[PDB]
Amino acid sequence: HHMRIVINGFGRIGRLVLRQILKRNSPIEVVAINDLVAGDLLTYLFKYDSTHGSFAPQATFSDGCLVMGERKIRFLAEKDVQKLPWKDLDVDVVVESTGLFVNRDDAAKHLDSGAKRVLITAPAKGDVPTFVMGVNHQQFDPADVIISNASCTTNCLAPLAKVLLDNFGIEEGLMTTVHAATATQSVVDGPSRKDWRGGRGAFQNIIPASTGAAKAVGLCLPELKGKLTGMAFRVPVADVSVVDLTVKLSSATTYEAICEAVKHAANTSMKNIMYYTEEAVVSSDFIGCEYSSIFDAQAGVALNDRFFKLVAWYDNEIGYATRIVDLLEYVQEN
Amino acid sequence: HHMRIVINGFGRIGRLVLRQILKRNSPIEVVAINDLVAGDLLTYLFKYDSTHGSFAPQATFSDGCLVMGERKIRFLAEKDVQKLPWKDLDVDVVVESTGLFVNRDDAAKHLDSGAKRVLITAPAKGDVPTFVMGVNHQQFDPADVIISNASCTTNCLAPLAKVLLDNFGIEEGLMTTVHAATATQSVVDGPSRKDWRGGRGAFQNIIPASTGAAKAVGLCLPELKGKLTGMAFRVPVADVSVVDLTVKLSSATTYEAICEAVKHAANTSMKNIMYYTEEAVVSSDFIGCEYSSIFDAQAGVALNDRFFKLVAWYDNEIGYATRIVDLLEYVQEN
Amino acid sequence: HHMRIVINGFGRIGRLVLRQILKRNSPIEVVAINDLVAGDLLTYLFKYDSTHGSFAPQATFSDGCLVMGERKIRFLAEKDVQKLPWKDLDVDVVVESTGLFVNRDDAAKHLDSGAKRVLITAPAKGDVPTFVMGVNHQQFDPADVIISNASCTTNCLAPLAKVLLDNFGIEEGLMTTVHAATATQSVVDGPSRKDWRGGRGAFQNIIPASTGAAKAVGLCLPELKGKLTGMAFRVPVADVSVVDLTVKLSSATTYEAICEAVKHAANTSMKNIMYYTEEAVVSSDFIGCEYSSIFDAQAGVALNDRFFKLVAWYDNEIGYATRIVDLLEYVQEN
Amino acid sequence: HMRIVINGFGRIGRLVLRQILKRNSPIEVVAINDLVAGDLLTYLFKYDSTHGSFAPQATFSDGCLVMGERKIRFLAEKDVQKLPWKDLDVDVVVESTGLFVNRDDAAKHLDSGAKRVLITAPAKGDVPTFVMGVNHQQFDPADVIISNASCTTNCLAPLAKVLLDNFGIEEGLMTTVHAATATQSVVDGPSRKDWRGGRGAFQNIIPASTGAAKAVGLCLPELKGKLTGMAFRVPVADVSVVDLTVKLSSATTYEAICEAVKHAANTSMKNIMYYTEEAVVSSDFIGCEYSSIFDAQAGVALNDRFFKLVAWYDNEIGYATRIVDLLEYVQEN
Ligand SMILES: NC(=O)c1ccc[n+]([C@@H]2O[C@H](COP(=O)([O-])OP(=O)(O)OC[C@H]3O[C@@H](n4cnc5c(N)ncnc54)[C@H](O)[C@@H]3O)[C@@H](O)[C@H]2O)c1
Ligand SMILES: NC(=O)c1ccc[n+]([C@@H]2O[C@H](COP(=O)([O-])OP(=O)(O)OC[C@H]3O[C@@H](n4cnc5c(N)ncnc54)[C@H](O)[C@@H]3O)[C@@H](O)[C@H]2O)c1
Ligand SMILES: NC(=O)c1ccc[n+]([C@@H]2O[C@H](COP(=O)([O-])OP(=O)(O)OC[C@H]3O[C@@H](n4cnc5c(N)ncnc54)[C@H](O)[C@@H]3O)[C@@H](O)[C@H]2O)c1
Ligand SMILES: NC(=O)c1ccc[n+]([C@@H]2O[C@H](COP(=O)([O-])OP(=O)(O)OC[C@H]3O[C@@H](n4cnc5c(N)ncnc54)[C@H](O)[C@@H]3O)[C@@H](O)[C@H]2O)c1
Ligand SMILES: [Cl-]
């Protein structure tokens with residue numbers, strides 16, 4: 001009587017989603033894993049992780065499956081999309097995490113192959129409902145067959161933006177994310193058609209990049225439509241990012257009142273989504289942290305009673321994968 | 001009568017100051033070099049540089065001097081300040097680049113040892129006039145015996161702030177600098193009494209840090225007093241930093257008009273101080289660049305006709321060292 | 001009764017030694033911690049670690065002590081050694097991990113201040129017995145008041161050398177260690193009187209360095225005197241190193257037989273000292289690993305039946321700190 | 001003059017063009033083939049994170065790389081058979097994609113009209129392999145498909161030849177501590193050939209195999225079966241170092257080795273080997289054009305026959321310079 005999912009794309013997100021499913025003993029049953037390489041190599045990448053340490057030492061690859069005691073997850077290596085056997089496997093939700101099927105027309109092919117629902121682990125183009133846990137996820141409708149979990153940056157900015165919005169109101173906001181390197185970057189200078197800068201050596205450079213997170217916050221928080229914009233800098237760390245939010249609030253307030261508002265949210269409405277800290281934290285302190293947004297109280301500054309610069313950390317890998325598991329469990333219960 | 005200077009602290013700044021003096025064939029004569037290690041080791045660090053490449057292959061250390069053809073610079077290794085022979089060497093300006101004499105009372109010890117003037121290559125505490133080339137350096141008075149060149153970050157933000165001030169006015173400004181690692185940081189987690197986060201491993205972490213640039217810009221541009229605030233993030237690159245300036249202007253404008261104002265300033269009032277580019281630049285492209293502030297036209301964003309986020313690069317080593325040589329030559333001419 | 005120790009130098013090794021004492025619930029009682037800064041900063045560095053994650057979340061700094069439930073460790077900040085109160089604190093062993101008292105005459109001052117024994121966490125100059133767990137530690141004499149645990153590299157090479165010696169004999173051995181960066185290195189190019197190359201930017205360079213491990217192995221394994229030599233390369237990783245041992249054995253053998261010899265030792269005589277793996281391991285896979293020497297079976301190569309190149313990993317921080325605790329527990333029982 | 005084309009405008013392809021221009025070589029680059037448009041390729045040629053900016057007046061215009069009066073046609077064909085080497089007067093195709101290392105793959109350039117193909121990597125099959133300063137004079141004008149070996153082979157082979165000619169070699173085991181390359185990953189990902197090579201390049205020391213030791217046995221047949229080796233990939237963007245443990249055939253001293261290498265660097269190995277006694281680190285060789293820089297102070301001696309020797313090389317610039325050197329030698333022969 002549990003939820004049957006498959007993971008399409010066993011990458012950073014796909015593998016860590018399975019890790020988080022196992023780490024919490026979720027009732028979700030992972031039925032199949034699809035990627036481009038054989039299961040023995042995927043099992044290796046699942047067991048060994050340069051960022052998050054080793055996992056499941058007893059996990060083994062046997063007979064085309066990932067064997068973990070009695071749990072057996074079927075490995076697949078199909079690229080034609082239409083040849084995925086979701087009808088035979090009775091797939092409830094496809095976790096679409098390849099990074100290549102962000103268009104709704106592309107994601108709809110999983111539905112044609114027998115899947116009942118599709119969860120895109122990235123911002124999606126087209127009429128795709130997008131949810132951020134703790135912000136607008138209760139707006140999920142059982143009739144939505146293709147949904148998105150937004151980006152990791154949106155999951156960091158949106159909760160903070162909601163606390164500021166509900167408590168003080170927002171007039172204007174300009175956001176910067178100092179972002180860890182991701183798989184789309186290059187080890188040495190190479191070509192990247194969509195963004196030339198992104199092909200430059202990932203660990204030699206601070207790399208400016210665009211982001212849609214600020215506009216995305218305007219979708220799950222419609223009162224913020226047209227009030228936020230942003231940019232990004234890619235920097236040589238392998239994981240963990242930070243949001244730098246410069247905001248003009250609608251009401252006069254103090255930095256203490258903002259801290260108290262975020263602290264109160266982290267203990268109530270934003271429980272397990274936002275975290276509030278006053279420690280002298282650095283990025284590596286958040287490797288493995290599962291919150292969407294960790295408010296850095298000592299880092300922020302106030303210019304006057306309406307202009308502030310606020311700092312919020314996030315493990316762009318683990319925090320996002322955990323939100324995927326949270327959203328899946330919410331969809332099963334609705 | 002040429003200017004006779006000495007370099008106190010032959011570190012990143014001290015060595016690159018000598019490089020830039022020689023690279024331009026300046027009439028400034030370096031009389032002595034003071035540091036904690038022998039001259040043979042200092043000559044080695046002068047000839048080989050992990051960031052800026054090898055320099056002066058014919059340079060050699062002989063008889064306690066740095067021999068470069070006919071130029072001979074005396075090496076010193078005194079730390080008690082009071083034993084430095086600046087009176088016998090007829091020192092016009094001491095380039096104070098140890099990082100330890102930022103207080104005016106400490107820097108005044110060079111004057112007691114025979115120096116006529118002291119230039120602190122960092123923000124200074126006390127009544128020390130601070131100058132930014134292209135912003136307020138013409139306010140230098142020959143009666144000023146202890147002067148400062150502000151920080152590298154202030155030299156990047158102040159020219160951009162002046163252009164914005166003169167053309168559109170500034171109501172509010174919130175600045176973030178994504179800054180390269182510097183010598184005060186640590187290779188692995190260690191203690192840093194004044195700045196706990198700064199002792200964490202420099203190349204494992206995004207490290208939040210405070211900055212005095214926003215307050216310093218309010219001093220050399222008094223119309224911006226109380227209008228600017230800022231913070232910093234230290235990231236794993238060995239050189240080159242970038243200013244992220246969120247500014248609300250006093251009058252409505254377009255992003256194109258801002259670009260045109262900076263472009264024109266770089267060709268006129270900010271000649272050899274600011275540079276304007278529209279190229280797809282990343283940080284390593286500015287290694288060796290001598291400008292104080294390089295406006296990145298494609299990286300910036302606009303929220304509306306008064307609220308913008310602007311991006312300006314700087315080689316925190318070479319750009320600052322070049323401004324030191326510029327300020328010395330200006331002081332010499334007045 | 002139980003052993004009372006103090007940690008002189010609360011650095012990478014000093015903190016991880018305390019961490020390893022607690023992780024195994026050792027009967028060793030840490031009575032005092034001495035370093036250069038106050039206990040609140042030392043507590044912060046103990047709780048947060050860029051390389052090994054956070055630890056002891058309920059640990060607090062209070063009244064100049066490190067409070068962990070009912071365990072209370074006194075914090076000290078004395079550097080003059082002769083003013084250290086080891087007589088009043090009833091100190092059995094000083095864990096000397098500052099890196100500054102490697103000479104026996106310097107370490108003997110801990111005895112003059114009231115300590116009964118000194119364990120130097122580094123190679124030591126003078127008549128200091130040096131021990132490698134699993135190789136020669138049973139040669140410890142209760143009369144030895146100042147002892148050494150050798151280097152991290154010696155603790156990796158010596159166990160492997162012993163297995164090769166006992167099974168096949170060694171005619172010649174030439175060792176290279178590709179070593180992680182350590183606290184003696186620099187973030188940017190700076191002066192290093194003892195080692196000019198070591199002052200160059202730690203994360204910009206492969207940096208050649210000398211090593212005493214090969215000679216140190218010749219002391220705890222006298223049959224190898226004059227048969228081993230070595231060098232090192234420091235590379236931009238924050239932790240985990242690897243030994244590259246080129247060895248010509250005394251008798252003909254196969255690479256499979258070497259693997260079986262090491263694997264067999266790991267299950268018996270070298271239990272918890274050596275580990276044997278055939279996995280496709282990389283350096284980060286050994287972060288947190290407690291073995292002194294992990295044999296990388298698939299990475300090594302054979303030239304012929306007597307000349308081999310063998311690969312052995314070690315977490316130079318955690319592996320060595322664990323051996324410190326192992327040596328301390330052995331000394332208590334003897 | 002000699003007319004060449006560059007197939008694969010990557011790290012090697014671009015720096016080869018950079019080295020041709022830096023020396024004002026008579027070689028004329030007729031066309032450039034890659035997967036992306038010329039404007040992006042022009043950008044990557046002008047800006048380089050490792051070796052700095054170059055050719056500021058260069059621009060992409062009318063599908064060409066324009067540099068004053070030089071105009072290089074840009075191509076973006078992947079089907080090989082659709083490359084117009086017959087219409088062009090192509091003398092040598094610089095095969096630098098990394099994907100056509102087999103002779104059967106390289107022979108397709110000949111089918112399109114090219115007169116010769118130079119594979120910028122170790123090649124499988126009956127492909128003559130040359131190392132400048134070691135065996136390049138064995139080049140035969142009848143050789144239509146040739147190889148320049150690897151960057152690691154170009155560092156090890158000159159040192160091995162000096163040791164071979166002066167003292168003889170009994171046995172040798174080589175390790176290269178190697179900079180990260182384009183085949184690696186920024187974060188942990190799949191790599192079918194070498195699983196370890198897909199792990200995060202700048203988080204890890206990564207063991208890897210190498211064929212350099214066997215390749216030295218080809219250009220120096222007296223060393224066949226006497227050398228073996230391995231590699232460690234480490235988090236630097238450029239410059240690698242060879243760690244050669246060798247048993248020599250005759251008793252000698254470390255000073256005699258240094259003097260032999262120093263002597264070769266001044267004569268037979270001029271502009272191929274360099275001899276230094278400075279306190280060098282890897283970044284000091286960024287831009288260095290020698291194939292093999294002997295690090296005199298880093299090496300150690302065990303006895304009068306067993307030594308461990310250290311030789312640096314810029315795996316990008318040194319290799320690209322040897323490509324241009326080999327091309328200029330082939331043109332004159
Ligand atoms: N990396 C992050 O921090 C992060 C954060 C939030 C969201 N996301 C999003 O998650 C998605 C996955 O990114 P990632 O970081 O895991 O990247 P990744 O490169 O590590 O993972 C993608 C995986 O999909 C596989 N794949 C590629 N083409 C395929 C195909 N046709 N069929 C099946 N499998 C295929 C690849 O082999 C790879 O294992 C992206 O859309 C990304 O934008 C990533
Ligand atoms: N590094 C940058 O990017 C940058 C930019 C702008 C300003 N600055 C400022 O320039 C100053 C120098 O910093 P740096 O980057 O050159 O650091 P650094 O550590 O590289 O240089 C300081 C040098 O002074 C020497 N020194 C220390 N104590 C001394 C003493 N008592 N007498 C003589 N020499 C002594 C040290 O050995 C070292 O060589 C600092 O105040 C810094 O804030 C640096
Ligand atoms: N780092 C490793 O991987 C490793 C491995 C094996 C052995 N070791 C050895 O362990 C020793 C400690 O090295 P580390 O890596 O911990 O370096 P570290 O710099 O991290 O630790 C040294 C600590 O001692 C403190 N200290 C300095 N002078 C002091 C004084 N006079 N009194 C008290 N405290 C003082 C410093 O503040 C610092 O916290 C060294 O001898 C090193 O060679 C290190
Ligand atoms: N990188 C080094 O240090 C080094 C040293 C010695 C030899 N090599 C060899 O040189 C070769 C090139 O490697 P690199 O470092 O330049 O890698 P790279 O990835 O930077 O360059 C390969 C280029 O070829 C292009 N390409 C791919 N498929 C193509 C196709 N079908 N047709 C045309 N162009 C295509 C790619 O877009 C890319 O720009 C490899 O064989 C490598 O082994 C490299
Ligand atoms: Cl007891």
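One-based numbering, in listed order, for ligands and for the atoms of each. Chain A is the first sequence line, chain B the second, and so forth, proteins listed ahead of strands; every chain is numbered from 1.
Contacts between C:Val37 and ligand 3, counted as non-hydrogen atom pairs separated by less than 4.0 Å, are absent for every part of the residue. Contact annotation for D:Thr183 and ligand 4: no heavy atom of the residue comes within less than 4.0 Å of the ligand.
In terms of polar-atom proximity, C:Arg12 is counted as a contact of ligand 3, with an N or O under 3.5 Å from an N or O of the ligand. When only interatomic distances are considered, the shortest N/O to N/O separation between C:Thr182 and ligand 3 does not fall below 3.5 Å.
Across A:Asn155, A:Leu36, A:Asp35, A:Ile7, heavy-atom proximity to atom 39 (O) of ligand 1 is greatest for A:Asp35. The closest heavy-atom contact to atom 12 (C) of ligand 1, among the options A:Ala77, A:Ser97, A:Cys152, comes from A:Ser97. Comparing heavy-atom distances from atom 3 (O) of ligand 1 across A:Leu16, A:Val17, A:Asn316 singles out A:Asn316 as nearest. Of all the listed residues (D:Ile32, D:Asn7, D:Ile12), D:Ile12 holds the heavy atom that lies closest to atom 13 (O) of ligand 4.
In this structure, the salt bridge (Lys or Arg N to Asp or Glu O under 4.0 Å) partners of C:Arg12, at least two apart in sequence or on a different chain, are C:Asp49, C:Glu317. Among residues two or more places apart in sequence or in another chain, the salt bridge (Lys or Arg N to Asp or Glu O under 4.0 Å) test is passed with C:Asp239 by none.
No side-chain donor from either of D:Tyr319 and D:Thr120 sits under 3.5 Å from a side-chain acceptor of the other.
Listed by number with element, the atoms of ligand 4 under 4.0 angstrom from any heavy atom of D:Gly10 are 16 (O), 20 (O), 21 (O), 23 (C), 39 (O).
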